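So this block is entry.cif, mmCIF, N, CA and C atoms:
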```
data_structure
#
loop_
_atom_site.label_atom_id
_atom_site.label_comp_id
_atom_site.auth_asym_id
_atom_site.auth_seq_id
_atom_site.Cartn_x
_atom_site.Cartn_y
_atom_site.Cartn_z
N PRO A 1 -35.16 -8.32 -60.45
CA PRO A 1 -34.08 -8.72 -61.32
C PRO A 1 -34.15 -7.90 -62.59
N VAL A 2 -33.01 -7.66 -63.21
CA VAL A 2 -32.92 -6.94 -64.47
C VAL A 2 -32.34 -7.86 -65.53
N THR A 3 -32.92 -7.87 -66.68
CA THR A 3 -32.39 -8.62 -67.77
C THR A 3 -32.04 -7.65 -68.89
N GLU A 4 -30.88 -7.79 -69.49
CA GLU A 4 -30.57 -6.90 -70.57
C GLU A 4 -30.75 -7.59 -71.88
N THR A 5 -31.14 -6.83 -72.80
CA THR A 5 -31.59 -7.29 -74.03
C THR A 5 -30.96 -6.44 -75.13
N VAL A 6 -30.55 -7.06 -76.20
CA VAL A 6 -30.01 -6.33 -77.30
C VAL A 6 -30.93 -6.43 -78.48
N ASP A 7 -31.02 -5.37 -79.23
CA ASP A 7 -31.84 -5.34 -80.43
C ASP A 7 -30.96 -5.66 -81.61
N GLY A 8 -31.54 -6.18 -82.68
CA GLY A 8 -30.81 -6.60 -83.88
C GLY A 8 -30.00 -5.50 -84.55
N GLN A 9 -30.23 -4.23 -84.17
CA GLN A 9 -29.43 -3.13 -84.71
C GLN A 9 -28.12 -2.93 -83.91
N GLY A 10 -27.94 -3.73 -82.87
CA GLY A 10 -26.72 -3.68 -82.08
C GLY A 10 -26.84 -2.87 -80.80
N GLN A 11 -28.04 -2.42 -80.48
CA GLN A 11 -28.21 -1.62 -79.27
C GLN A 11 -28.48 -2.49 -78.05
N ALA A 12 -27.92 -2.11 -76.92
CA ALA A 12 -28.16 -2.81 -75.68
C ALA A 12 -29.05 -1.97 -74.78
N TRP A 13 -30.01 -2.62 -74.22
CA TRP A 13 -31.01 -2.02 -73.38
C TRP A 13 -31.43 -3.05 -72.38
N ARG A 14 -32.34 -2.73 -71.51
CA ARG A 14 -32.70 -3.65 -70.47
C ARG A 14 -33.95 -3.24 -69.82
N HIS A 15 -34.57 -4.18 -69.18
CA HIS A 15 -35.85 -3.96 -68.53
C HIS A 15 -35.82 -4.52 -67.12
N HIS A 16 -36.61 -3.91 -66.25
CA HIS A 16 -36.77 -4.37 -64.89
C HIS A 16 -37.67 -5.57 -64.94
N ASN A 17 -37.42 -6.52 -64.12
CA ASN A 17 -38.31 -7.63 -64.01
C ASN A 17 -38.75 -7.75 -62.59
N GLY A 18 -39.94 -8.30 -62.39
CA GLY A 18 -40.51 -8.43 -61.07
C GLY A 18 -39.68 -9.29 -60.15
N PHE A 19 -39.88 -9.10 -58.87
CA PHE A 19 -39.15 -9.83 -57.83
C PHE A 19 -39.56 -11.29 -57.94
N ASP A 20 -38.63 -12.19 -58.17
CA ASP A 20 -38.97 -13.59 -58.34
C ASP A 20 -39.38 -14.14 -57.01
N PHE A 21 -40.64 -14.50 -56.86
CA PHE A 21 -41.11 -14.94 -55.59
C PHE A 21 -40.45 -16.21 -55.14
N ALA A 22 -40.27 -17.17 -56.04
CA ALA A 22 -39.59 -18.45 -55.71
C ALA A 22 -38.26 -18.19 -55.03
N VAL A 23 -37.52 -17.25 -55.57
CA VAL A 23 -36.23 -16.86 -55.04
C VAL A 23 -36.36 -16.27 -53.63
N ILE A 24 -37.21 -15.27 -53.50
CA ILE A 24 -37.45 -14.60 -52.20
C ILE A 24 -37.94 -15.62 -51.17
N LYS A 25 -38.87 -16.42 -51.60
CA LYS A 25 -39.53 -17.45 -50.84
C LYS A 25 -38.53 -18.42 -50.23
N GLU A 26 -37.63 -18.91 -51.05
CA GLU A 26 -36.68 -19.89 -50.58
C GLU A 26 -35.49 -19.31 -49.87
N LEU A 27 -35.10 -18.10 -50.23
CA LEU A 27 -34.07 -17.42 -49.45
C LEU A 27 -34.65 -17.12 -48.06
N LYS A 28 -35.97 -16.86 -48.02
CA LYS A 28 -36.74 -16.64 -46.78
C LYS A 28 -36.75 -17.95 -45.97
N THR A 29 -36.92 -19.06 -46.69
CA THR A 29 -36.93 -20.36 -46.12
C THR A 29 -35.58 -20.63 -45.44
N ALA A 30 -34.47 -20.50 -46.20
CA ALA A 30 -33.15 -20.72 -45.69
C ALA A 30 -32.81 -19.76 -44.58
N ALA A 31 -33.27 -18.57 -44.70
CA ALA A 31 -33.10 -17.58 -43.67
C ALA A 31 -33.67 -18.05 -42.33
N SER A 32 -34.82 -18.72 -42.36
CA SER A 32 -35.52 -19.03 -41.13
C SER A 32 -34.99 -20.31 -40.54
N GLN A 33 -34.59 -21.16 -41.42
CA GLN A 33 -34.21 -22.51 -41.20
C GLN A 33 -32.68 -22.64 -40.98
N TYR A 34 -31.93 -22.17 -41.95
CA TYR A 34 -30.47 -22.34 -42.06
C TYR A 34 -29.75 -21.25 -41.32
N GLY A 35 -30.24 -20.05 -41.48
CA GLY A 35 -29.58 -18.91 -40.91
C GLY A 35 -28.60 -18.32 -41.87
N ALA A 36 -28.42 -17.02 -41.85
CA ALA A 36 -27.56 -16.40 -42.84
C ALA A 36 -26.12 -16.46 -42.38
N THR A 37 -25.48 -17.54 -42.75
CA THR A 37 -24.18 -17.94 -42.29
C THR A 37 -23.95 -19.36 -42.79
N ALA A 38 -25.05 -20.14 -42.90
CA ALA A 38 -24.98 -21.46 -43.47
C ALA A 38 -24.79 -21.32 -44.98
N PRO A 39 -23.78 -22.03 -45.54
CA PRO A 39 -23.34 -21.91 -46.96
C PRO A 39 -24.47 -21.79 -47.97
N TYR A 40 -25.51 -22.56 -47.75
CA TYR A 40 -26.65 -22.62 -48.62
C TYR A 40 -27.24 -21.22 -48.90
N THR A 41 -27.74 -20.52 -47.87
CA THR A 41 -28.40 -19.25 -48.04
C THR A 41 -27.50 -18.17 -48.64
N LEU A 42 -26.24 -18.07 -48.22
CA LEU A 42 -25.40 -17.05 -48.80
C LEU A 42 -24.94 -17.38 -50.19
N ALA A 43 -24.95 -18.66 -50.54
CA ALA A 43 -24.70 -19.06 -51.91
C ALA A 43 -25.79 -18.48 -52.78
N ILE A 44 -26.99 -18.46 -52.24
CA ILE A 44 -28.13 -17.91 -52.93
C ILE A 44 -27.99 -16.38 -53.00
N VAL A 45 -27.63 -15.76 -51.86
CA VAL A 45 -27.40 -14.29 -51.76
C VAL A 45 -26.48 -13.80 -52.91
N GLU A 46 -25.32 -14.46 -53.05
CA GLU A 46 -24.34 -14.09 -54.08
C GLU A 46 -24.77 -14.49 -55.48
N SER A 47 -25.49 -15.60 -55.61
CA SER A 47 -25.93 -16.06 -56.92
C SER A 47 -27.02 -15.16 -57.48
N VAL A 48 -27.88 -14.64 -56.60
CA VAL A 48 -28.90 -13.70 -57.01
C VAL A 48 -28.23 -12.38 -57.43
N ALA A 49 -27.18 -12.01 -56.71
CA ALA A 49 -26.41 -10.79 -57.01
C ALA A 49 -25.56 -10.96 -58.25
N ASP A 50 -25.45 -12.20 -58.72
CA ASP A 50 -24.66 -12.52 -59.90
C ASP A 50 -25.47 -12.19 -61.15
N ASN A 51 -26.72 -11.86 -60.90
CA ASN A 51 -27.65 -11.43 -61.91
C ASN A 51 -27.69 -9.94 -61.86
N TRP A 52 -28.25 -9.33 -62.86
CA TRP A 52 -28.42 -7.92 -62.84
C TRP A 52 -29.54 -7.57 -61.85
N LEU A 53 -29.16 -6.82 -60.86
CA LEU A 53 -30.01 -6.46 -59.76
C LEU A 53 -29.86 -4.94 -59.52
N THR A 54 -30.87 -4.30 -58.96
CA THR A 54 -30.81 -2.87 -58.69
C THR A 54 -31.02 -2.60 -57.21
N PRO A 55 -30.66 -1.40 -56.68
CA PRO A 55 -30.85 -1.06 -55.25
C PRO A 55 -32.32 -1.19 -54.83
N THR A 56 -33.20 -1.00 -55.79
CA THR A 56 -34.62 -1.08 -55.59
C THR A 56 -35.05 -2.52 -55.21
N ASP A 57 -34.71 -3.50 -56.06
CA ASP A 57 -35.04 -4.88 -55.79
C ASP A 57 -34.13 -5.46 -54.75
N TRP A 58 -32.94 -4.87 -54.62
CA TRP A 58 -32.02 -5.17 -53.52
C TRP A 58 -32.70 -4.96 -52.17
N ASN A 59 -33.11 -3.71 -51.89
CA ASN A 59 -33.71 -3.36 -50.61
C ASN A 59 -34.95 -4.16 -50.34
N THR A 60 -35.69 -4.44 -51.39
CA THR A 60 -36.89 -5.23 -51.28
C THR A 60 -36.52 -6.71 -50.90
N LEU A 61 -35.47 -7.23 -51.54
CA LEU A 61 -35.03 -8.59 -51.34
C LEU A 61 -34.59 -8.79 -49.90
N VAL A 62 -33.59 -8.03 -49.44
CA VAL A 62 -33.05 -8.17 -48.08
C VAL A 62 -34.13 -8.06 -47.01
N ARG A 63 -34.95 -7.05 -47.16
CA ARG A 63 -35.99 -6.73 -46.16
C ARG A 63 -37.07 -7.79 -46.05
N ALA A 64 -37.23 -8.59 -47.09
CA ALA A 64 -38.23 -9.61 -47.07
C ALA A 64 -37.62 -10.94 -46.65
N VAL A 65 -36.62 -11.35 -47.39
CA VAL A 65 -35.96 -12.64 -47.14
C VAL A 65 -35.48 -12.84 -45.68
N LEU A 66 -34.98 -11.80 -45.04
CA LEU A 66 -34.56 -11.91 -43.65
C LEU A 66 -35.41 -11.02 -42.78
N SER A 67 -35.29 -11.18 -41.50
CA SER A 67 -36.02 -10.37 -40.58
C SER A 67 -35.25 -10.19 -39.27
N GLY A 68 -34.88 -8.97 -38.99
CA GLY A 68 -34.18 -8.66 -37.79
C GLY A 68 -32.70 -8.44 -38.02
N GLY A 69 -31.96 -9.52 -38.16
CA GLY A 69 -30.51 -9.45 -38.29
C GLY A 69 -30.03 -8.88 -39.62
N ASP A 70 -30.86 -9.01 -40.67
CA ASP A 70 -30.53 -8.52 -42.03
C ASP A 70 -29.90 -7.13 -42.03
N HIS A 71 -30.63 -6.15 -41.49
CA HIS A 71 -30.23 -4.78 -41.50
C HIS A 71 -28.89 -4.60 -40.84
N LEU A 72 -28.73 -5.17 -39.66
CA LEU A 72 -27.51 -4.96 -38.93
C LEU A 72 -26.25 -5.48 -39.61
N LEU A 73 -26.16 -6.74 -39.94
CA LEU A 73 -24.93 -7.17 -40.55
C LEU A 73 -24.91 -7.01 -42.04
N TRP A 74 -25.89 -7.61 -42.76
CA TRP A 74 -25.97 -7.45 -44.19
C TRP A 74 -25.93 -5.95 -44.56
N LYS A 75 -26.80 -5.21 -44.01
CA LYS A 75 -26.97 -3.86 -44.46
C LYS A 75 -26.10 -2.82 -43.84
N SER A 76 -25.77 -2.92 -42.57
CA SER A 76 -24.98 -1.87 -42.01
C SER A 76 -23.56 -1.99 -42.49
N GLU A 77 -23.16 -3.21 -42.85
CA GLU A 77 -21.86 -3.41 -43.41
C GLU A 77 -21.94 -3.02 -44.85
N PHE A 78 -23.15 -3.11 -45.44
CA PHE A 78 -23.29 -2.71 -46.80
C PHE A 78 -22.92 -1.24 -46.93
N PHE A 79 -23.52 -0.44 -46.08
CA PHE A 79 -23.31 0.99 -46.07
C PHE A 79 -21.86 1.36 -45.77
N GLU A 80 -21.25 0.62 -44.88
CA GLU A 80 -19.88 0.84 -44.54
C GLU A 80 -18.97 0.49 -45.70
N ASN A 81 -19.10 -0.73 -46.21
CA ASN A 81 -18.22 -1.19 -47.28
C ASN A 81 -18.43 -0.41 -48.56
N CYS A 82 -19.65 0.05 -48.79
CA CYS A 82 -19.95 0.83 -49.97
C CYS A 82 -19.20 2.13 -49.95
N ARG A 83 -19.28 2.85 -48.85
CA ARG A 83 -18.56 4.10 -48.79
C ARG A 83 -17.07 3.92 -48.58
N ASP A 84 -16.68 2.80 -47.97
CA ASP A 84 -15.26 2.44 -47.78
C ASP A 84 -14.61 2.32 -49.13
N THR A 85 -15.27 1.56 -49.96
CA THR A 85 -14.87 1.32 -51.30
C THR A 85 -14.90 2.64 -52.09
N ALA A 86 -15.91 3.46 -51.79
CA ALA A 86 -16.08 4.75 -52.43
C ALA A 86 -14.90 5.64 -52.16
N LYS A 87 -14.43 5.65 -50.92
CA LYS A 87 -13.25 6.42 -50.53
C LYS A 87 -12.06 6.01 -51.38
N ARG A 88 -11.83 4.70 -51.48
CA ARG A 88 -10.70 4.16 -52.25
C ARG A 88 -10.83 4.46 -53.76
N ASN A 89 -12.02 4.31 -54.28
CA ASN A 89 -12.27 4.49 -55.70
C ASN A 89 -12.31 5.95 -56.09
N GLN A 90 -12.79 6.81 -55.22
CA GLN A 90 -12.89 8.21 -55.61
C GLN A 90 -11.60 8.97 -55.39
N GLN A 91 -10.62 8.34 -54.71
CA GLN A 91 -9.23 8.87 -54.72
C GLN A 91 -8.79 9.01 -56.17
N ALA A 92 -9.18 8.04 -56.97
CA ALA A 92 -8.83 8.01 -58.35
C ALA A 92 -9.79 8.90 -59.15
N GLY A 93 -10.96 9.11 -58.59
CA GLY A 93 -11.96 9.96 -59.19
C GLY A 93 -12.71 9.26 -60.28
N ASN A 94 -13.09 8.02 -60.02
CA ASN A 94 -13.80 7.19 -61.00
C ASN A 94 -15.13 7.76 -61.41
N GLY A 95 -15.90 8.24 -60.45
CA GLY A 95 -17.23 8.71 -60.78
C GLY A 95 -18.18 7.54 -60.72
N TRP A 96 -18.03 6.82 -59.64
CA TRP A 96 -18.73 5.61 -59.29
C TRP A 96 -18.74 5.51 -57.80
N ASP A 97 -19.37 4.47 -57.31
CA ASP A 97 -19.21 3.97 -55.95
C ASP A 97 -19.85 4.81 -54.89
N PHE A 98 -19.47 6.05 -54.77
CA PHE A 98 -20.00 6.89 -53.71
C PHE A 98 -21.51 7.08 -53.83
N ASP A 99 -21.97 7.45 -54.98
CA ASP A 99 -23.39 7.56 -55.22
C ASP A 99 -23.97 6.23 -55.69
N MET A 100 -23.29 5.62 -56.65
CA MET A 100 -23.74 4.38 -57.30
C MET A 100 -23.73 3.17 -56.36
N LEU A 101 -22.57 2.85 -55.79
CA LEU A 101 -22.47 1.71 -54.88
C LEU A 101 -22.95 2.13 -53.52
N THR A 102 -24.22 2.12 -53.36
CA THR A 102 -24.89 2.49 -52.13
C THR A 102 -26.35 2.25 -52.42
N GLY A 103 -26.75 2.96 -53.43
CA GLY A 103 -28.06 2.95 -53.92
C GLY A 103 -28.17 4.13 -54.79
N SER A 104 -28.07 5.30 -54.15
CA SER A 104 -28.04 6.60 -54.76
C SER A 104 -28.23 7.62 -53.71
N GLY A 105 -27.21 8.34 -53.44
CA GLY A 105 -27.30 9.36 -52.46
C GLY A 105 -27.92 10.55 -53.07
N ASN A 106 -27.36 10.96 -54.17
CA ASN A 106 -27.79 12.14 -54.84
C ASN A 106 -28.38 11.93 -56.24
N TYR A 107 -27.76 11.11 -57.10
CA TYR A 107 -28.13 11.22 -58.53
C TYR A 107 -28.40 9.92 -59.35
N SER A 108 -27.49 8.96 -59.33
CA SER A 108 -27.53 7.78 -60.21
C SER A 108 -28.85 7.02 -60.22
N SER A 109 -29.46 6.95 -59.05
CA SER A 109 -30.71 6.22 -58.83
C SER A 109 -30.63 4.78 -59.41
N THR A 110 -31.77 4.16 -59.60
CA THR A 110 -31.87 2.85 -60.20
C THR A 110 -31.31 2.86 -61.64
N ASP A 111 -31.55 3.96 -62.35
CA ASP A 111 -31.26 4.09 -63.78
C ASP A 111 -29.77 3.88 -64.13
N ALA A 112 -28.90 4.75 -63.64
CA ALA A 112 -27.50 4.74 -64.06
C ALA A 112 -26.80 3.45 -63.65
N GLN A 113 -27.19 2.92 -62.51
CA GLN A 113 -26.64 1.67 -62.02
C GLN A 113 -27.08 0.55 -62.92
N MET A 114 -28.34 0.61 -63.34
CA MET A 114 -28.96 -0.40 -64.20
C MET A 114 -28.37 -0.37 -65.60
N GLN A 115 -27.66 0.70 -65.93
CA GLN A 115 -26.99 0.75 -67.22
C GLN A 115 -25.65 0.08 -67.06
N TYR A 116 -25.23 -0.03 -65.79
CA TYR A 116 -24.00 -0.64 -65.34
C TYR A 116 -22.73 -0.09 -65.98
N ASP A 117 -21.69 -0.64 -65.48
CA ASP A 117 -20.32 -0.52 -65.92
C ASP A 117 -19.66 -1.78 -65.44
N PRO A 118 -18.76 -2.38 -66.22
CA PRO A 118 -18.08 -3.65 -65.85
C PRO A 118 -17.44 -3.62 -64.44
N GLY A 119 -16.89 -2.50 -64.08
CA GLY A 119 -16.18 -2.38 -62.81
C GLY A 119 -17.14 -1.95 -61.72
N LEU A 120 -18.27 -1.47 -62.15
CA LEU A 120 -19.26 -1.02 -61.21
C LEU A 120 -20.09 -2.21 -60.81
N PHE A 121 -20.54 -3.00 -61.80
CA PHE A 121 -21.27 -4.24 -61.56
C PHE A 121 -20.46 -5.18 -60.65
N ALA A 122 -19.17 -5.35 -60.97
CA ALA A 122 -18.30 -6.22 -60.18
C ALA A 122 -18.20 -5.72 -58.74
N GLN A 123 -17.98 -4.42 -58.59
CA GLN A 123 -17.81 -3.84 -57.29
C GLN A 123 -19.12 -3.89 -56.48
N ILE A 124 -20.24 -3.58 -57.13
CA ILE A 124 -21.52 -3.57 -56.45
C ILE A 124 -21.96 -4.96 -56.06
N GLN A 125 -21.69 -5.94 -56.92
CA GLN A 125 -22.06 -7.31 -56.63
C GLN A 125 -21.29 -7.82 -55.43
N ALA A 126 -19.98 -7.64 -55.48
CA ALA A 126 -19.08 -8.12 -54.45
C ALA A 126 -19.42 -7.49 -53.12
N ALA A 127 -19.68 -6.19 -53.16
CA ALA A 127 -19.98 -5.43 -51.97
C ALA A 127 -21.31 -5.86 -51.38
N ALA A 128 -22.27 -6.16 -52.27
CA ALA A 128 -23.58 -6.56 -51.84
C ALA A 128 -23.53 -7.83 -51.04
N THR A 129 -23.12 -8.93 -51.62
CA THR A 129 -23.15 -10.20 -50.86
C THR A 129 -22.24 -10.16 -49.60
N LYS A 130 -21.19 -9.32 -49.70
CA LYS A 130 -20.20 -9.14 -48.64
C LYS A 130 -20.93 -8.75 -47.41
N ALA A 131 -21.62 -7.68 -47.55
CA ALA A 131 -22.55 -7.18 -46.61
C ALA A 131 -23.59 -8.23 -46.32
N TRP A 132 -24.33 -8.63 -47.35
CA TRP A 132 -25.51 -9.48 -47.25
C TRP A 132 -25.23 -10.94 -46.84
N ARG A 133 -24.19 -11.16 -46.14
CA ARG A 133 -23.97 -12.43 -45.53
C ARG A 133 -23.97 -12.48 -43.96
N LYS A 134 -23.29 -11.53 -43.31
CA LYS A 134 -22.78 -11.67 -41.86
C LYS A 134 -23.75 -11.88 -40.69
N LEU A 135 -24.77 -12.61 -40.84
CA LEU A 135 -25.65 -12.83 -39.70
C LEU A 135 -25.12 -13.97 -38.80
N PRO A 136 -25.03 -13.74 -37.47
CA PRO A 136 -24.57 -14.77 -36.54
C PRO A 136 -25.66 -15.77 -36.15
N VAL A 137 -26.75 -15.26 -35.60
CA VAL A 137 -27.85 -16.09 -35.12
C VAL A 137 -29.15 -15.55 -35.68
N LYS A 138 -30.10 -16.43 -35.88
CA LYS A 138 -31.42 -16.07 -36.28
C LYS A 138 -32.38 -16.81 -35.37
N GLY A 139 -33.52 -16.28 -35.21
CA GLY A 139 -34.49 -16.88 -34.38
C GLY A 139 -34.96 -15.90 -33.37
N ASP A 140 -36.19 -16.00 -33.02
CA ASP A 140 -36.80 -15.10 -32.05
C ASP A 140 -37.55 -15.92 -31.06
#
```
Go through the file and emit its structure as structure tokens.
Amino acid sequence: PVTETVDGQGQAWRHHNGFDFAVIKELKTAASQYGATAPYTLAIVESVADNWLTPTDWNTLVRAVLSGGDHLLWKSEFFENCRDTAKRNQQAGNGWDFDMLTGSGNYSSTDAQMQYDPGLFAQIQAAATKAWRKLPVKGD
């Protein structure tokens, strides 16, 4: 998770924070129990994304909290919707989405995304949970 902090001189900055285990733990719980499709777990998926999050803690979150189905629906749709959105947004030539809303293909990395943009944060958040929901069945 990322928290942004402002200094008394009016500057905005932010720091990375460690992966909240309680969060991972219980999303893992709902994942095993509820399945990623039951309102509870995806409510958590989107609520966690409602916080400042980066591709780094993103990939760590998905890969831990779920097992098996995560990559296919959550993530493969992530990659699709990210570049889908990128196609639409870069028609306009925003300078977002293609590299940023993905993770970072070439340049933005954790850094530029973590500095955010109002339309970038909105787009990345929406795209994330969008992806990070679609699991049909869980269990092995």
- Evaluate the PyMOL selection byres ((chain A and resi 90-106) around 7) and record the selected residues as a PyMOL selection string, following the chain and residue labels used in the document. chain A and resi 55-56+78-79+82-83+85-89+107-110+113+120+123-124
Mind telling me what the PyMOL selection byres ((chain A and resi 66) around 8) catches here, as a compact mmCIF listing (two decimals) with N, CA and C atoms, in the frame of the given file?
```txt
# COMPACT_ATOMS: atom_id res chain seq x y z
N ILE A 24 -37.21 -15.27 -53.50
CA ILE A 24 -37.45 -14.60 -52.20
C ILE A 24 -37.94 -15.62 -51.17
N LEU A 27 -35.10 -18.10 -50.23
CA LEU A 27 -34.07 -17.42 -49.45
C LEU A 27 -34.65 -17.12 -48.06
N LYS A 28 -35.97 -16.86 -48.02
CA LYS A 28 -36.74 -16.64 -46.78
C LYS A 28 -36.75 -17.95 -45.97
N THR A 29 -36.92 -19.06 -46.69
CA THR A 29 -36.93 -20.36 -46.12
C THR A 29 -35.58 -20.63 -45.44
N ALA A 31 -33.27 -18.57 -44.70
CA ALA A 31 -33.10 -17.58 -43.67
C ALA A 31 -33.67 -18.05 -42.33
N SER A 32 -34.82 -18.72 -42.36
CA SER A 32 -35.52 -19.03 -41.13
C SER A 32 -34.99 -20.31 -40.54
N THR A 60 -35.69 -4.44 -51.39
CA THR A 60 -36.89 -5.23 -51.28
C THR A 60 -36.52 -6.71 -50.90
N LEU A 61 -35.47 -7.23 -51.54
CA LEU A 61 -35.03 -8.59 -51.34
C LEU A 61 -34.59 -8.79 -49.90
N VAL A 62 -33.59 -8.03 -49.44
CA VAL A 62 -33.05 -8.17 -48.08
C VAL A 62 -34.13 -8.06 -47.01
N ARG A 63 -34.95 -7.05 -47.16
CA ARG A 63 -35.99 -6.73 -46.16
C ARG A 63 -37.07 -7.79 -46.05
N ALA A 64 -37.23 -8.59 -47.09
CA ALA A 64 -38.23 -9.61 -47.07
C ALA A 64 -37.62 -10.94 -46.65
N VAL A 65 -36.62 -11.35 -47.39
CA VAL A 65 -35.96 -12.64 -47.14
C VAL A 65 -35.48 -12.84 -45.68
N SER A 67 -35.29 -11.18 -41.50
CA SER A 67 -36.02 -10.37 -40.58
C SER A 67 -35.25 -10.19 -39.27
N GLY A 68 -34.88 -8.97 -38.99
CA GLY A 68 -34.18 -8.66 -37.79
C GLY A 68 -32.70 -8.44 -38.02
N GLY A 69 -31.96 -9.52 -38.16
CA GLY A 69 -30.51 -9.45 -38.29
C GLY A 69 -30.03 -8.88 -39.62
N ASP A 70 -30.86 -9.01 -40.67
CA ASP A 70 -30.53 -8.52 -42.03
C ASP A 70 -29.90 -7.13 -42.03
N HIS A 71 -30.63 -6.15 -41.49
CA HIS A 71 -30.23 -4.78 -41.50
C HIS A 71 -28.89 -4.60 -40.84
```
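We find atom N of residue 43 in chain A and CA of residue 133 in chain A to be spaced 8.1 Å apart.
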- Message: Neighbouring residues of residue 36 in chain A were defined as those with any atom within 7 Å, considering all atoms listed in the file; residues of the same chain fewer than 5 positions away were excluded. Please report them as number ranges by chain.
- Response: A: 30-31, 41-42, 133-138
Excluding residue 49 in chain A and any residue of its chain fewer than 3 positions from it, enumerate the residues within 8 Å of it, using only C-alpha atoms, and give them as an mmCIF file with N, CA and C atoms, in the coordinates of the input.
```cif
data_model
loop_
_atom_site.group_PDB
_atom_site.id
_atom_site.type_symbol
_atom_site.label_atom_id
_atom_site.label_comp_id
_atom_site.auth_asym_id
_atom_site.auth_seq_id
_atom_site.Cartn_x
_atom_site.Cartn_y
_atom_site.Cartn_z
ATOM 1 N N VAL A 45 -27.630 -15.760 -51.860
ATOM 2 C CA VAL A 45 -27.400 -14.290 -51.760
ATOM 3 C C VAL A 45 -26.480 -13.800 -52.910
ATOM 4 N N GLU A 46 -25.320 -14.460 -53.050
ATOM 5 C CA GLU A 46 -24.340 -14.090 -54.080
ATOM 6 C C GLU A 46 -24.770 -14.490 -55.480
ATOM 7 N N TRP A 52 -28.250 -9.330 -62.860
ATOM 8 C CA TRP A 52 -28.420 -7.920 -62.840
ATOM 9 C C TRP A 52 -29.540 -7.570 -61.850
ATOM 10 N N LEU A 53 -29.160 -6.820 -60.860
ATOM 11 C CA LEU A 53 -30.010 -6.460 -59.760
ATOM 12 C C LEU A 53 -29.860 -4.940 -59.520
ATOM 13 N N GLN A 125 -21.690 -5.940 -56.920
ATOM 14 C CA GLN A 125 -22.060 -7.310 -56.630
ATOM 15 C C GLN A 125 -21.290 -7.820 -55.430
ATOM 16 N N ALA A 128 -22.270 -6.160 -52.270
ATOM 17 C CA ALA A 128 -23.580 -6.560 -51.840
ATOM 18 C C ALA A 128 -23.530 -7.830 -51.040
ATOM 19 N N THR A 129 -23.120 -8.930 -51.620
ATOM 20 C CA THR A 129 -23.150 -10.200 -50.860
ATOM 21 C C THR A 129 -22.240 -10.160 -49.600
#
```
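Using only C-alpha atoms, the smallest distance between any of A:59, A:18, A:26, A:111 and residue 74 in chain A comes from A:59.
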- Message: With distances taken over only N, CA and C atoms, which residue among A:37, A:116, A:15, A:22 lies nearest residue 132 in chain A?
- Response: A:37
Using the partial input, fill out range 5-15 of chain A with N, CA, C and O atoms; write the result as a CSV table (one decimal), in the frame of the given file.
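The file below, part_24.csv, is the result:
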```
chain,number,residue,atom,x,y,z
A,5,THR,N,-31.1,-6.8,-72.8
A,5,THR,CA,-31.6,-7.3,-74.0
A,5,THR,C,-31.0,-6.4,-75.1
A,5,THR,O,-30.8,-5.2,-75.0
A,6,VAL,N,-30.6,-7.1,-76.2
A,6,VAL,CA,-30.0,-6.3,-77.3
A,6,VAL,C,-30.9,-6.4,-78.5
A,6,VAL,O,-31.6,-7.4,-78.7
A,7,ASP,N,-31.0,-5.4,-79.2
A,7,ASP,CA,-31.8,-5.3,-80.4
A,7,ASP,C,-31.0,-5.7,-81.6
A,7,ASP,O,-29.7,-5.4,-81.5
A,8,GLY,N,-31.5,-6.2,-82.7
A,8,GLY,CA,-30.8,-6.6,-83.9
A,8,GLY,C,-30.0,-5.5,-84.6
A,8,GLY,O,-29.2,-5.8,-85.4
A,9,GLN,N,-30.2,-4.2,-84.2
A,9,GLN,CA,-29.4,-3.1,-84.7
A,9,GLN,C,-28.1,-2.9,-83.9
A,9,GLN,O,-27.3,-2.1,-84.2
A,10,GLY,N,-27.9,-3.7,-82.9
A,10,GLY,CA,-26.7,-3.7,-82.1
A,10,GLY,C,-26.8,-2.9,-80.8
A,10,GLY,O,-25.8,-2.6,-80.1
A,11,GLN,N,-28.0,-2.4,-80.5
A,11,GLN,CA,-28.2,-1.6,-79.3
A,11,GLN,C,-28.5,-2.5,-78.0
A,11,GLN,O,-29.2,-3.5,-78.2
A,12,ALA,N,-27.9,-2.1,-76.9
A,12,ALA,CA,-28.2,-2.8,-75.7
A,12,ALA,C,-29.0,-2.0,-74.8
A,12,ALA,O,-28.9,-0.8,-74.7
A,13,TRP,N,-30.0,-2.6,-74.2
A,13,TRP,CA,-31.0,-2.0,-73.4
A,13,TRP,C,-31.4,-3.0,-72.4
A,13,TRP,O,-30.9,-4.1,-72.4
A,14,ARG,N,-32.3,-2.7,-71.5
A,14,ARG,CA,-32.7,-3.6,-70.5
A,14,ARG,C,-34.0,-3.2,-69.8
A,14,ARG,O,-34.3,-2.1,-69.9
A,15,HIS,N,-34.6,-4.2,-69.2
A,15,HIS,CA,-35.8,-4.0,-68.5
A,15,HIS,C,-35.8,-4.5,-67.1
A,15,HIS,O,-35.1,-5.5,-66.8
```
